[PDB]
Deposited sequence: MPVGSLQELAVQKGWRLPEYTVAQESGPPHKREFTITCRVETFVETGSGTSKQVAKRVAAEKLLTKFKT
């Protein structure tokens, strides 16, 4: 999973664990110096999308 993978990355890198804001659906994810917001039809999807976005901005 993107969330699981994001976590493992942080733990691996020695970064403080990812932080997700309370779902509002949009959820903002922050890890290291990254900040990405995800949207979706459910809170679960928003979180997943925020994670995927962060990993993507990480690869670039």
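Residues of the deposited sequence that lack C-alpha coordinates fall in a single stretch, 25-33.
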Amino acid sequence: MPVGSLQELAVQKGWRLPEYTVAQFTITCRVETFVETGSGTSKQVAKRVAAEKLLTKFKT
From here on, numbers count along this sequence of modelled residues.
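Legend: mean Cα B-factor per stretch from the PDB entry, 35-43 versus 12-20; the higher mean is in 35-43. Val3: CA B factor lies in the lowest third for its chain, per the PDB record.
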